[PDB]
Amino acid sequence: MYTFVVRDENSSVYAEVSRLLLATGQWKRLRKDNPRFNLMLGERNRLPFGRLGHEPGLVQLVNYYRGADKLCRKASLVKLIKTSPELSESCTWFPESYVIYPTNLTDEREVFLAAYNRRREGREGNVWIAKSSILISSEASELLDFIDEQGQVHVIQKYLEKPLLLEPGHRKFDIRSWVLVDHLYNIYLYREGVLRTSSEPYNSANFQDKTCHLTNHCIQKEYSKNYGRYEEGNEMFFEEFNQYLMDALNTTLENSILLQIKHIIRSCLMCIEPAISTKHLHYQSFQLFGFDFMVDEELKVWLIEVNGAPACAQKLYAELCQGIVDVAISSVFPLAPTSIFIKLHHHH
Amino acid sequence: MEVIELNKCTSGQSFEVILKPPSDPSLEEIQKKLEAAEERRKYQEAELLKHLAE
Amino acid sequence: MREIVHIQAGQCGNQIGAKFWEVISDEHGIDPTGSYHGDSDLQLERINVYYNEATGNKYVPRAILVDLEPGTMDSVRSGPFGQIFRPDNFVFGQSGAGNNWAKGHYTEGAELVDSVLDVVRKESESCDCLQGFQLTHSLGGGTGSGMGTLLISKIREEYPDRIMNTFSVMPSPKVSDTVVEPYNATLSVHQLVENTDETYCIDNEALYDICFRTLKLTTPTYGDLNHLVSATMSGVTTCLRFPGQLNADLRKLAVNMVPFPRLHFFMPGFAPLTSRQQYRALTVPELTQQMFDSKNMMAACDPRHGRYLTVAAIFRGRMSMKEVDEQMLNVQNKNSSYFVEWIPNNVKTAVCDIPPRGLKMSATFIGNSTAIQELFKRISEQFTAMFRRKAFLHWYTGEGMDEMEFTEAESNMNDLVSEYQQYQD
Amino acid sequence: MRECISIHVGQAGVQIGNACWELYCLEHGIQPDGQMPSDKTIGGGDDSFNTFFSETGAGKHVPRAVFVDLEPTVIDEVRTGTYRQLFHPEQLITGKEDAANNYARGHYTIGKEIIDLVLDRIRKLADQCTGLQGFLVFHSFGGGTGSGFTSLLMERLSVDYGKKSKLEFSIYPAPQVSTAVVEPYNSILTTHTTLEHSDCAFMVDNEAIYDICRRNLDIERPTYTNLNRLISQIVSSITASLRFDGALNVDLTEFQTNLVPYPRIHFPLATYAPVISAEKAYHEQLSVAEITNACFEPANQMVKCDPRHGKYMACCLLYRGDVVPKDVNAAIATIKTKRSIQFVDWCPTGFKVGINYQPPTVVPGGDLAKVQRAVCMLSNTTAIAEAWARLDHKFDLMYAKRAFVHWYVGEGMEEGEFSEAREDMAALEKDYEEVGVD
């Protein structure tokens, strides 16, 4: 009989995993403060990793990698890419980004303005976006004055003024991919992705209305007036998106986009493997990640951000959550296909 | 990767490598704590004997 | 040299105590005449814990036999190992206690208690460093119950900083001598709540059910019940009488088993308990599952009705200590809903290479469980069924007691039950 | 030459002390009778080994050691053991009944009645020292004596030897090898009252020693003898600089200078490699790089924790055996480019290296195989705060219910000392977080 504890009641994902575990009649849920557990479905913030792997006779597993925040934080991701030789400062698939601390608090203010003036003088498209843990402007004065009005660290990166627009609609979009890393640090890519499409036509002469530029499911379902017109819930799955690329661009989702996506996921996760791996550790880790990608009109993929506690598409909850139990949990605590994941081999 | 202060003798040697530069209660007070705790023990035992005498 | 002074009082106390010294004497190689005839140094490593050494290499138990009538102790002096006891350590009267707590505690018993303490003082004066005392007795009668708790009260007055443990047989209507047993047990329990550090609660009904249901004994006798108590008493004293990687005296044991001063009433158990399919080797999983099974427990309380504050398990015999930790860590990690989560690692295990007589290996269970409140609930309910009508009270008021003292014993008991209730939620 | 006095308190301290002096004797060529054939100065001398051994006119080399226990059974093994001849009776002190795992009993009740005796016996050893450096104090966190009496002794030593350094070797409680439930109380009580009196403390978590004995030595259920033989190797690696010719960590003061820039944060993490099973057919000898790389594997640390998620304040590499500086620096460079070694910004990113050519001595019939080279890394990481966190959490669970508190109050301790001690630990945990996290 395997035991587990739930410490994040708000996780829609592991709420289903906890629902499945009990359905096998071989896992037992304990009070959230009971230390005699095999599996911890831990909290998002301040997870006490130091209290794991110290119960005699219990092999303990947790659904978060200690140290993965370096990748799942806006400012941290920028620093990692610029300071990690595995990614270098000339990393071709990450938009030019800079870490900018508000004046009321190292900082890359001067470096940003240097590349800014370079674009403004060279007639180049000089539109950037500011965000933290949103403002889209073509003038650096507005971008910097907006960060000083807050109090947290922000990041300014180049804005993709040439996004790939779906037709009909002439509308922006982003690609979400779910990646599961198990205790052996195998990188699995869920075969099912989702495009969160903007139901509004992309407009490059007015960044004031952020409804056609931000493809977040909450903004489209709150500030957009064409929600659910072209696809149900502004969510296009791979089957349709792939069929579209064939009819329109005469290419496939695998060739045109997925190869770059798999390459980016590998580079990011292999880079931090020495720092977060639980191979020789007294406890084991696994984590589900949500990568957000952008595609330009040249069919080049760009990494937007990585989410450490992602949500799933309603249609793909059962399949993915079951897949988490198959490779992430039962692989360590076995029970008494055609896998849904794509193993991204690599050198450890 | 510098080596500094290298010292060698018959039974070994020692050195320093720098990869990067940087960026009470008196005796009287103890007696009071000890005696204070002894007094509380005496008080507790006296209340036990008084209880047993009742 | 951490000596323990043993005291047995009353009929039950002396019949159970007699068998106890019979059992452990065999384990230490002491014959009925006090002469050692073992074959292992482990039998003498800690022999002085329970035995004095007289001239001629004779070992005399450090035991004091108390009773208000001669009968039961005349039987001991004529029993198997009767000759092994110090003749001066028999202290007895002639009147009896008539199964009356007031007689044991206030009238008949008071006339005899001084001479009992004279012997106790004699045994203590001869101890290098006295660990503490252990008293065997029943709570349903008059001598072991009323005078036993009187003895405890006076031993505590003269040795306030020594450990006082008891093996206390709780009465049950199914195995009962008189109808006043709830009165006597309720009056005693309050004494034990105040003046003992550890009380092993032994329920005669549980001893009966084990002899009938598990042991398949059609009509159990008191001798059959006492066989279970002997084996259990030998088990709980194993890590006191033999050398091992555990250096624990009575005080260190109490410190780790009693988180709250008044909640010091333990459920003991034993395994195996096989009916005569008796030569079958018992595996470690079977020992562990049985030792935690209620049917192997002697307090007649279902542990699943409460929560364990602390648990101690002692394994005897040659076995896989690695395999012990696995099964033990399997019971806890398979039923952690019955252990309190606010005492980390409250389940401890001890090993002993010397198994009991006629067993390849055994396990003794010692649990401080809040389920013991059910035992005090039964007693309280029987007490109140009679006391509300003042039934049989005249036996006690005729000895000088007042009804107020009964009302106070009732409240103290119900407060005890209330204290267990809060630590179970 | 300056002398070092070792003090062993409680069962854990005494048995560990017994295993270390066995190892010391094998290392210095001292026989159980105290004789040392290679010591050509009879009855005198100021050599490096004289920091730990005095000499009688008859040539006996007597440890500068005091053993203390509130119960006699553990110290009786020393009196009748193999090395009974080393010590004289004045060095062995035993009470009648122990502290019963009760800090208050060892600190107040019993300690108050034996403290002056211990100081007298220590004063005797001090009077033999021409230049006493300080003290090495061995004890457990969990025992009533090791916790309670140790803190009292440390307070008095600070009064009687104000200008002397005091180092600790403390055994952190592990449930797998303990039958006690109140050890979290004792650990936190003794750390609170000892903090301002210890200049440097090497915590060894029994859980780590236990797993190393099962993983590397193939001991299915290690005993205290197994644990103590491994612990005495690590202790020997740490004290070798005081007992052998050298230039690194030549006196107790240097341990604080090289390992503790902030006084309260004085708990270095110890890592040791390699630990090879003697029963093995024959192991392949590991290189300087491989054993140095092993110093950054959690599996060989004396306290299980993750230094990748802390910051270093200092780092010492202590090699024994066939090691030349060239190979040390080469392996270090390789580790920097591979490992997560983040230093605090107000401290240099460096490594002090000491090499002793004599390889680790192994006790005949022991569990450890003879190796050609070994290393012990002493690093001061904020990661060791994980051990304080674990311990403080267990404390909170029991103290929320006042479980077992009556045993301590009953011995004369005020309940307030529980909260005063816990709040001191809360501040110690805050100190680590200010030095390590960003």
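The letters A, B, C and D name the chains in turn, as written, and every chain counts its residues from 1.
The definition used in the following text is that contacts are C-beta pairs under 8 Å (C-beta built on N, C-alpha and C of every residue); 3 or more make two chains touch, one makes a residue touch a chain.
Every chain gets a centre from its CA atoms, and the centre nearest the mean of all protein CA atoms is that of D. When chain pairs are compared by their number of contacting C-beta pairs, B-D comes first.
For this pair, chain B with chain C, the centres built from the Cα atoms lie 43 Å apart. Averaging Cα coordinates per chain places chain A and chain B 50 Å apart. Taken residue by residue, chain B touches two or more other chains at no position, since every residue touches fewer. Residue positions 325, 341, 344 of chain C each touch two or more of the other chains. Contacts with at least two other chains are made by residues 56 of chain A.
A list of each chain pair in contact follows: A-C, A-D, B-C, B-D, C-D. On the side of chain B, the complex with chain D involves touching residues 1, 3, 5-7, 9-27, 30, 34, 36-41, 44.
If you check the complex, the residues on chain C that touch chain A are 325-326, 329, 332-334, 336-337, 341, 344. Those residues of chain D whose C-beta lies close enough to touch chain C in the complex are 11, 71, 73-74, 96-98, 100-102, 144, 175-176, 178-182, 184, 220-221, 223-224, 394, 397-398, 400-401, 403-404, 406-407.
Listed in rising order, the residues of chain A touching chain C in the complex are 1, 3, 30-31, 33-36, 56-58. By the touch criterion given at the top, residues 48-51, 53-54, 56, 66-67, 274-276, 280-282 of chain A touch chain D in their complex.
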